[PDB]
Amino acid sequence: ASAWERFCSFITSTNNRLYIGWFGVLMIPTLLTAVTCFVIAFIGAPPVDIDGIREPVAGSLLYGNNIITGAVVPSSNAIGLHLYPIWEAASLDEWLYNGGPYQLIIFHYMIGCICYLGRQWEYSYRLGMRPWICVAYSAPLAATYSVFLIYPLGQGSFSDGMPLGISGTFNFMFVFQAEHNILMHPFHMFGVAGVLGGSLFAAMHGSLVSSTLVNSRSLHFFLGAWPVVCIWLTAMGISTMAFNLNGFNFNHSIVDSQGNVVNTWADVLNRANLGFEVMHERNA
Amino acid sequence: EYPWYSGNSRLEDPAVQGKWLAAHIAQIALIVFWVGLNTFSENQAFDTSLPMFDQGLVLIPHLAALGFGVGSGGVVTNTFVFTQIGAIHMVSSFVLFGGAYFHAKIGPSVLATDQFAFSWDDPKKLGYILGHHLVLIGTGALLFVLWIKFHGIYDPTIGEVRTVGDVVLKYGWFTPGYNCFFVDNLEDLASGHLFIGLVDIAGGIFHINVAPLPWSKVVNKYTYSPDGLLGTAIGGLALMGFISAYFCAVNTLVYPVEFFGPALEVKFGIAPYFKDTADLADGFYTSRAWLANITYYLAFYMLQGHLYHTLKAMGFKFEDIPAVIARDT
Amino acid sequence: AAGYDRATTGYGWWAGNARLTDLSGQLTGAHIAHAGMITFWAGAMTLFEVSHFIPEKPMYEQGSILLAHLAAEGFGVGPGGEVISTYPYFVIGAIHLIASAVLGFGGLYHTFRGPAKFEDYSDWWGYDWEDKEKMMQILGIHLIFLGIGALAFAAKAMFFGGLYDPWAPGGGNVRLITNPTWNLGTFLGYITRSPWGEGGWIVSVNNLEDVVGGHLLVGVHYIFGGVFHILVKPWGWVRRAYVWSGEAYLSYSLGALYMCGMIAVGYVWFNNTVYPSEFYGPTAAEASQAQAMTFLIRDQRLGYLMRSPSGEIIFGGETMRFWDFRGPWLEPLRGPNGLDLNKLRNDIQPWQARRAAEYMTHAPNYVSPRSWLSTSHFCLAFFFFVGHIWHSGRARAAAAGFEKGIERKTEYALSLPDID
Amino acid sequence: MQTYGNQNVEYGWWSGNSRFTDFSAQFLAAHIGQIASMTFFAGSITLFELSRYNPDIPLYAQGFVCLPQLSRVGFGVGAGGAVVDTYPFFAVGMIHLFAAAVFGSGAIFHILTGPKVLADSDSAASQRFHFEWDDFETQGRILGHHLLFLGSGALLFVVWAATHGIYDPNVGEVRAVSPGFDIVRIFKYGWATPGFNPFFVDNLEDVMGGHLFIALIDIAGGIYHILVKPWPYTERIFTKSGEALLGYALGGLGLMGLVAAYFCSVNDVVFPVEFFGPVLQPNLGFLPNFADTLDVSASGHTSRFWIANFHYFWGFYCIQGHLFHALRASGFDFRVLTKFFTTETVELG
Ligand code: CL7
Ligand SMILES: CC1=C(/C=C/C(C)=C/C=C/C(C)=C/C=C/C=C(C)/C=C/C=C(C)/C=C/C2=C[C@H](C)[C@H](O)CC2(C)C)C(C)(C)C[C@@H](O)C1
Ligand SMILES: CC1=C(/C=C/C(C)=C/C=C/C(C)=C/C=C/C=C(C)/C=C/C=C(C)/C=C/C2=C[C@H](C)[C@H](O)CC2(C)C)C(C)(C)C[C@@H](O)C1
Ligand SMILES: CC1=C(/C=C/C(C)=C/C=C/C(C)=C/C=C/C=C(C)/C=C/C=C(C)/C=C/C2=C[C@H](C)[C@H](O)CC2(C)C)C(C)(C)C[C@@H](O)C1
Ligand SMILES: [Fe+2]
């Protein structure tokens, strides 16, 4: 009953309402920090110079936006990959102006996510069950790390990271499509197949069980495995596109015998990408 | 019994003694074999035009110091002498290999003529062996003295080879006109070599003639043993290596700047070393630096090995070390 | 045959290798054969890239990655990143192919001919997983081999040809390092550097003296640590803080390899010193800054900079995100506070102005070697993280005993007090 | 040792050096090894400093503790504290290293020569060296011999200063010094009457006279202790145990360390300015410090700063160790401290 032993028996105990565990020891502060800062910076936060051009972009509720259009703007383009802690800032108002809250939120959130995976494993151990829920959870984890961490690393700044907002997500998707043509990348096709097929198999399994309940184990194995594998693949696809290894490109493929070019659907898709791109790229 | 990696410890057995002898013969052959082989490769890679202290020539400068193809200084006129010396050594190697094989598997397994046959605890035997080896060593020293008298070695101050007073009792006191590591006189070198040859021969005569005395059997607490004898020999070797490294680093009369490069500066980081004080190209070091540093560090690890063998010779066993660290977890 | 079926092992064919857990000889044979595979790939790819090499085009335009690794070490290269002769590459490839042949022979021999379980043949080679001392000693021996390898790399950099230093004057040049760094303050400053953009953890090394000194230091430490492992026992707390089985050791190795893979991606993508831009092409930062400088050169010839957030002189536009990037062709045009405009007015030597455009074209249609390496090894590192989790969980459960399912009649959750 | 009550105590490896307190041969071996370590430090550090010496930089600016000490005592220093010839320093360091090797060889010799106890060794003359932690006669003779060695060392210093000369910052160049002898002025330095303060000695002649006096005193005391058994009252006062003698020695050493620390920071003659740097000033915040009295900007700290501060700490913690060992040897066990917050009295012998 050493004080240290008593503490350990408290944390690694299956009688709390929510299991804490050693991974949860890191999970709780980081997640609480991320949630608190996200709430604060989503309700009210100054406009952020996303383009690093002294011109700001607002995203908070008190500055005009609603839930659909509000967001937490990524840290400024001038910062690059530099960590921007509050104590490493010239002035609080400036630190907000450069987009520090985004950095705070995403870093605490990513650490909390990986610790949450660890906590899942730990409790599976403490209860005496095979410890592979965490393996399945590793897929959406990979996806978030792709959009928030790996893509900015490949692109050199967190200004290319995903905004934390509903409309920011769509803006990110369209700019990503413009610059990398993700639709014609096979890994995203695997991901689309994964989500749609996962819904299909979920509906089929639920209908069958709820209809007759009024190797079969391999059935549930396949249920678990299919969408997880596809999400791993599409997360890897995003990560590869973060290193300028873009998808397929079939523009200007068929040419007339004399030398003219006959259009195909890929050219229409490329022209749509061209529109998205030229609307992007403020200057050149 | 010993494992294969420690296989040579099997030769420690007096049951198989002559084979042990074979090994030593082989070693010397290998040694003299290298003296040939190295030189040949050196003679291949030695450009005459360049200064001799730039390319990897260690033996060629040593020959250059002993005359052997030098005129008014900075003069190379015949690379055939170097090849001759290398060939002599390499041919002697074949003879020594023959003797090694004769004792290895043709000769008796154990010497037990019997006059050569000895035991690890026969002080008269070792005394006479020591005397004979000392006599040969002093003979080589006097041979070098004769070479000085007749052929004469390169001198930098004279700028040319030249042939040739015992104030050695003052050099030994390192009086400010001394510190032999700074000798600059051919006559000093010749006289000191005469003295050391004479003293070596006198000691050899004495050791063959007279058995070890009790007064000196008192101090030699444990050296009358294989490990003890090996340890004392290794310690002597390390001492000699340190002295030779210092000589090579500092002395310029014996090691001329022409073939060896300028003197070395003694520097110390965590461990000692010798720096060039020469504006050689980056990545290149004078032959003097190579000689001094490799010699010194070989001598340092010889000292470590002397400690190991000496400790094993006295009442100590190294395999007990983990067990101790087992008890005090 | 016996033991090669599901009934006699419990593992389906798709988990066949699991059967090898306690068959020491065959497992060793599999490892040796796999090493043979790796070195065979190395040699074969080297020979392929040599056979398709073209001296006029750069390596990164030509599309060779195994050749660039040798080029960095300076095997048959010249000043300014120019090959002299592709013979040493052929030498290396042939040596690797021969070594692969030997290793494959050894692997087949232990797989089929030799003893199945070394424990029967001898005891130094017979090992069981749950023997902590034996595993410690084997780890120590292999650590010693790694240390010898690292010291070998340092010795090559100091005596045998050296490395292609791209910070030599007038473009890169093959050099022999003579002044290795050994101050411990430098080493600590490297380790405790921020992994973030606030510097770079170890990826931020920019001179070859630090590289050579670091390899010296690590080789010394590896040899020492191997000796220590051979000579001592695992402490009590160490014995109580690990899992001791084959799968657990595999999981530890997987975690280490995942970490190394991520760090290698960081090196290949952010470093222009130990991956010279002459061979792997420009980094993303280098490409952006070269584009900015070439446009500035053209605009100054026909008749744009700005202030940093800290107030220095940097380029303008998107490239501000690479404001702190340091490069060999750009470093001479530096200043106490950012690249001075006056310096850019009349200090652009011809080779730097050629490198700027040559890098502007090849911004990572065309895919840089950096892109290939980075993407491939990020994917490999992620999957090795997943494997680390899988095997660590399996090891922990199997050691506990509940790996093959929950026990119907002694289920643990059924005994806990309800939380509500 | 102490072994409160229960004998045959078991010591962990952290306190493992108390195991050989009863093995005279091993005791000798340990102390010969320690002295080897000291002289090895002297020589090796001399070389380590010589490697990075800059004639341009003033000597005290660079971090040295040995070049100033050698240059003070003659050894290749020109007029105005100029290091003309840097070879004698090399010679001194080399002799120190050779001595260290000799001492270490002797240390291993004794650690492996014979029995752990020097009583059993059948040398029949090494048994002349076996001592006890109770007998004051043998320890008195030992003390006498060691005092003889110290007095011989002081004599050697006197001779070397008389013949070879020695640096004199007041003169400004190496110079032979006449050995003074004035018992009156020695005692006036003892009282620290206003003219003479011991830590402000101005003439090397006074220092030399005091050293002559010290040599005479040490040699006389050594003879006296070899010949004469301790008086009974010294058995009444002092306890007879090893840890007790360690405590006495530790107290003495702590005092000497504090004295030397104060000496370094203040005296300018025996610690010349050109070698060690300008004098320090003693400050007392929480703990005593020695302020450099010089702008540490672009000059680090003078060697005098380092010597003085290090030896203040050495002296202070030697005092604390003396208190610890005296408390143990008198009989006080510190385990009783754990009973502090209870109602049981925190007290025993
Ligand atoms: C992907 C996560 C993963 C990693 C990276 C990983 N393992 Mg395993 N792994 C093992 C070793 C191992 C080593 C030495 C090692 C590191 O080098 C790894 N692992 C690494 C063996 C001890 C043990 C037995 C493995 C065994 O017996 O056989 C392996 C089985 C198969 C089918 C191999 C075929 C591979 C797949 C077709 C993947 C295709 C990739 C593709 C070709 C790449 C090129 C692209 C192409 C399109 C051109 C093991 C298992 C197993 C699994 C599972 C699920 C894993 N793993 C998973 C991983 C067992 O059931 C199983 C297990 O433990 O059951 C008890
Ligand atoms: C006493 C003792 C022992 C130790 C015993 C040892 C190891 C004693 C050490 C003995 C040594 C190291 C003796 C060394 C002697 C060196 C000599 C005699 C040097 C001779 C050099 C000469 C004559 C040089 C000559 C020139 C040569 C050269 C050309 C110069 O240009 C000119 C000139 C003239 C200087 C043990 C081991 C027995 C036991 C110990 O416990 C105590
Ligand atoms: C044999 C044996 C073993 C023991 C084996 C051991 C411990 C062997 C020890 C081997 C060592 C440590 C050998 C040391 C060799 C020393 C060398 C190679 C010196 C190198 C110096 C060089 C290369 C020059 C370096 C410069 C080069 C240049 C001039 C610089 O400006 C300065 C300067 C001088 C440092 C075991 C343990 C394996 C098994 C036992 O049973 C038996
Ligand atoms: C009193 C007592 C005890 C205590 C006993 C102790 C500890 C007594 C303390 C004794 C001390 C502190 C003695 C110190 C003596 C100091 C001396 C003798 C100093 C000599 C210094 C000299 C000679 C300096 C010489 C020069 C050196 C220097 C150059 C100066 O510029 C000038 C010059 C030339 C004078 C107990 C506790 C042990 C037992 C109790 O019951 C009784
Ligand atoms: Fe279900």
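Residues numbered from 1 in each chain as written, not as in the entry; some residues may be left out. Chains lettered and ligands numbered in written order. Part of a larger assembly, values for the part shown. Heavy atoms only, no water.

Header annotation of the entry names cryo-EM as the structure determination method and lists the resolution as 3.6 Å.

(A) A nonpolar patch on the surface, seen in detail. All names here are of chain D. Residues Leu-323, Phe-324, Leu-327, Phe-334, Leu-337, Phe-340, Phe-341 and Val-346 make up a contiguous nonpolar surface patch of about 770 Å² in total accessible area. Within the fold, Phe-324 resides in helix 10 (residues 303–330). For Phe-324, a relative accessible area of 39% puts it in the partly exposed group. (Patch = residues over 30% accessible without salt bridge, like charges linked within 9 Å, V, L, I, M, F, W, Y side chains within 5 Å. Areas by Shrake-Rupley, 256 points an atom, 1.4 Å probe, with all protein chains shown as cover. Salt bridge = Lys/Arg side-chain N within 4 Å of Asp/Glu carboxyl O. Helix = DSSP H or I, 4+ residues; strand = E, 2+ residues; numbered from the N terminus. Buried < 20%, exposed > 50% of the residue type's maximum accessible area, 1.4 Å probe, protein only.)

(B) The interface of chain B and chain C, seen in detail. With eight residues of chain B at the interface, the matching set in chain C holds seven residues. In this assembly, chain B packs against chain C so that about 640 Å² is buried in total across both faces, 65% of it on carbon and sulfur atoms. The largest per-residue losses of area from chain B upon contact with chain C belong to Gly-283, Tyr-285 and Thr-329 of chain B, which jointly make up 43% of the total buried on that side. In this assembly, chain B and chain C are joined by zero salt bridges. Joining chain B to chain C, the criterion identifies zero residue pairs in polar contact. A class-by-class count of the residues in the side of chain B that touches chain C yields five nonpolar, two polar and one charged. (Contact = heavy atoms within 4.5 Å. Buried area = accessible area lost by both parts, 1.4 Å probe. Polar contact = N/O pair within 3.5 Å; in protein donor to acceptor, adjacent residues only side chain to side chain. Nonpolar A, V, L, I, M, F, W, Y, C, P; charged D, E, K, R; others polar.)

(C) View of the coordination of the magnesium atom of ligand 1. Here the protein supplies the magnesium atom of ligand 1 with just one donor, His-391 of chain C (NE2), and that contact is 2.8 Å long. Of note, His-391 of chain C is situated in helix 15 (residues 369–400). (Donors = N, O, S within 2.8 Å, 3.2 Å for Na, K, Ca; no water.)

(D) Highlighting the site of ligand 1. Residue and element names in this part refer to chain C. In the neighbourhood of ligand 1, 13 residues make up the surrounding shell, with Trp-14, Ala-15, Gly-16, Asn-17 and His-391 lying closest. Within the backbone of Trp-14, a nitrogen or oxygen atom sits 3.3 Å from an oxygen atom of ligand 1. At 3.0 Å from an oxygen atom of ligand 1 is found a main-chain nitrogen or oxygen belonging to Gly-16. Of all the elements in the fold, those that place two or more residues in the shell around ligand 1 are helix 10 (246–270) and helix 15. Among the elements that line the shell around ligand 1, the one with the most residues is helix 15, at five residues. (Near = heavy atom within 4 Å.)

(E) Structural context of the side chain of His-362 of chain C. All names here are of chain C. Counting through the fold element by element, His-362 comes out in the loop between helix 14 (350–361) and helix 15. Its relative accessible area of 14% is what places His-362 among the buried residues. For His-362, the side chain forms a polar contact with the side chain of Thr-361, separated by 2.4 Å. If near-sequence neighbours (up to four positions away) are discounted, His-362 is found in contact with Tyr-60, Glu-61 and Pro-282.

(F) View of the UniProt feature "transmembrane region" in chain A. All names here are of chain A. Under the UniProt annotation, the feature "transmembrane region" is placed at residues 19–36, 108–123, 132–146, 187–208 and 222–236. Within residues 132–146, the helical portion is 93% and the strand portion 0%, while the C-alpha atoms at the span's ends are 22 Å from each other. Structurally, residues 222–236 is divided into 100% helix and 0% strand, and its ends, taken at the C-alpha atoms, are 21 Å apart. (UniProt positions renumbered as here; feature names shortened; annotations may be inferred.)

(G) Focus on the coordination of the iron ion (ligand 5). Of the protein atoms, only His-205 of chain A (NE2) and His-220 of chain A (NE2) coordinate the iron ion (ligand 5), at distances of 2.5 Å. Look at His-220 of chain A and you get partly exposed, because its relative accessible area is 47%.

(H) Spotlight on the interface of chain C and chain A. Between chain C and chain A, the residue contacts involve 44 residues of the former and 43 residues of the latter. Three residues, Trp-196, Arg-321 and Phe-378 of chain C, lead the burial of chain C against chain A; their summed loss comes to 16% of the area buried on that side. The interface formed by chain C and chain A holds one salt bridge in total. Of the charged contacts, one joins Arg-321 of chain C and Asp-160 of chain A as a salt bridge, the two residues approaching to 3.4 Å between their closest N and O atoms. Linking chain C to chain A there are 10 residue pairs in polar contact. Looking at the side of chain C that touches chain A, the elements with two or more residues in it are helix 10 and helix 15 of chain C. Here the side of chain C that touches chain A is built from residues that sort into 28 nonpolar, seven polar and nine charged.

(I) Geometry of the site of ligand 4. Residues and elements named next belong to chain D. Looking at ligand 4, the residues that line it are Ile-186, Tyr-189, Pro-198, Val-201, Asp-206, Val-207, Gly-210, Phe-213, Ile-214, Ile-237 and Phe-238. About the coverage of ligand 4: the protein hides 37% of its 980 Å² of free accessible area. Those elements that place two or more of their residues in the shell around ligand 4 are helix 5 (183–191) and helix 6 (204–227). Here the shell around ligand 4 gets five residues from one element, more than from any other, and that element is helix 6. Here the shell around ligand 4 is built from residues that sort into nine nonpolar, one polar and one charged.

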